[PDB]
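A.B. asks: So that we are looking at the same thing, I have put the structure below in structure tokens.
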Amino acid sequence: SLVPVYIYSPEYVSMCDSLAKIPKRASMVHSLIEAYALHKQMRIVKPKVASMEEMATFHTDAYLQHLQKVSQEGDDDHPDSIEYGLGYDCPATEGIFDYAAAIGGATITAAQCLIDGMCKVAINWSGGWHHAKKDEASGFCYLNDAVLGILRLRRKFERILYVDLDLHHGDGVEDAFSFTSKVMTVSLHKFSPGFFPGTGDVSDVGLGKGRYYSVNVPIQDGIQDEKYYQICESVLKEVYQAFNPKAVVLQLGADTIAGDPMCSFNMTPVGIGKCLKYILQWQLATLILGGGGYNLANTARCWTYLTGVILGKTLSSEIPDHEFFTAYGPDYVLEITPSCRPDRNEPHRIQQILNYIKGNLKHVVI
Ligand SMILES: Cn1cc(C(=O)Cc2ccccc2)cc1/C=C/C(=O)NO
Ligand SMILES: [K+]
Ligand SMILES: [K+]
Ligand SMILES: [Zn+2]
Ligand SMILES: [Zn+2]
């Protein structure tokens with residue numbers, strides 16, 4: 001149809017809530033999307049928990065298995081943990097395996113729907129776990145659903161484009177497809193000394209026949225909706241022309257929005273929204289994902305607003321009373337206001353980058 005597919009299931013939302021770093025976030029988001037009763041304008045779909053075999057299409061058995069053990073326990077001692085990433089920035093708590101599988105399945109489902117012509121846009125705000133390596137958790141990413149969806153997607157579509165708008169660089173997803181030309185990865189993110197993962201400069205382009213098939217736009221603190229769109233809509237224009245994608249997987253981690261603990265970018269869901277609109281306009285099959293977002297209230301407002309955009313709907317400022325109303329204090333409005341920090345993004349260095357890029361995107365043609 002022309003109607004968007006909204007991957008959802010009360011079981012699933014509960015599952016996602018159990019994640020340490022972002023408790024009750026999944027619920028808060030569905031709850032708010034429901035309060036603006038947008039779900040009514042979408043096609044709900046239950047997540048087909050990823051099979052051991054499906055997850056294994058990108059992750060080593062050794063890893064998936066170890067992730068399983070620990071999940072049915074508590075990583076009792078296991079000094080081998082570090083070998084797989086389980087530690088602090090990826091706590092191997094109990095029953096996370098089911099957690100992973102739940103999410104990875106959802107994203108896979110989303111991709112299935114897109115494949116089966118059931119819709120042009122499939123959503124899974126829980127997904128977006130872009131750091132997970134083929135065999136080693138990373139920055140709260142125990143499973144890389146982002147990649148899985150791309151794989152499942154490549155079944156029907158030839159060239160697939162992955163646009164990562166999370167605050168952090170989408171290393172995991174990028175690596176997975178660093179050596180191929182069938183999948184292109186575009187990532188906007190804060191790049192600085194010490195800032196995790198600290199990978200993906202602009203000189204990062206890919207390897208072998210995957211060279212120039214990995215584009216990275218390093219941004220600096222303070223960037224707002226103004227410049228961000230300029231920068232983004234600029235790159236996405238080139239990428240589109242020189243790549244001609246068949247489908248698109250878009251990660252929209254809200255850890256870039258003003259107010260997020262990450263205190264780096266100074267974006268508001270409206271800006272990210274404009275980027276979303278620009279992509280959607282290509283009317284290719286598109287798989288939407290969540291990801292970072294740690295100022296929960298805000299993360300909810302953001303993704304809800306975006307969901308609105310996806311429906312070409314205009315939401316009212318008044319935050320609809322709902323299960324978490326209290327949380328949107330003290331103004332209870334949808335809009336987010338950019339903090340008052342300077343935008344350390346020198347316009348010279350920027351244009352310098354947008355050329356470096358389009359220049360590399362020149363080869364992609366040739
Ligand atoms: C909150 N978080 C902490 C880490 C680290 O492991 C390390 C770190 C080290 C020095 C400065 C800042 C962060 C990674 C994340 C989030 C990733 C994310 O949301 N991906 O989508
Ligand atoms: K990113
Ligand atoms: K690539
Ligand atoms: Zn272990
Ligand atoms: Zn992030």
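Counting begins at 1 with the first residue displayed.
When the header is checked for method, it gives X-ray crystallography, 3.3 Å.
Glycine is no exception: its Cβ is also placed from the backbone N, Cα and C atoms.
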A.B. asks: Report which of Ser27, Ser178, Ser234 appears in Swiss-Prot with the annotation phosphoserine.
C.D. replies: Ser27
A.B. asks: Looking at Swiss-Prot, which one out of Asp80, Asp89, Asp201, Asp343 binds substrate in the same site as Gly139, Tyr294?
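C.D. replies: Among the candidates, Swiss-Prot records only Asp89 at this substrate site.
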A.B. asks: For the divalent metal cation site that Swiss-Prot assigns to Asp166, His168, which of the candidates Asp75, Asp76, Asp77, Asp255 is also assigned?
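C.D. replies: Looking at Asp75, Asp76, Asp77, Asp255, the one Swiss-Prot places in the divalent metal cation site next to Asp166, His168 is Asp255.
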A.B. asks: When the Cα-Cα distance from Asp255 (divalent metal cation binding site) is computed for each of the recorded positions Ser27, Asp89, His131, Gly139, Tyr294, which gives the smallest value?
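C.D. replies: Considering only the listed recorded positions, the nearest one is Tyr294.
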A.B. asks: For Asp89 (substrate binding site), what is the secondary structure by DSSP, using just helix, strand and coil?
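C.D. replies: Reduced to three states, the DSSP call for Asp89 (substrate binding site) is coil.
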A.B. asks: Across the listed substrate-binding residues, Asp89, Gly139, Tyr294, what is the farthest Cα to Cα distance, given in whole Å?
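C.D. replies: The span, Cα to Cα at its widest, is 14 Å.
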A.B. asks: Where does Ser27 (phosphoserine) sit by DSSP, helix, strand or coil?
C.D. replies: helix
A.B. asks: What's the CA-CA gap between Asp166 (divalent metal cation binding site) and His131 (active site, proton acceptor) in angstrom, rounded?
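C.D. replies: That comes out at 11 Å between the alpha carbons.
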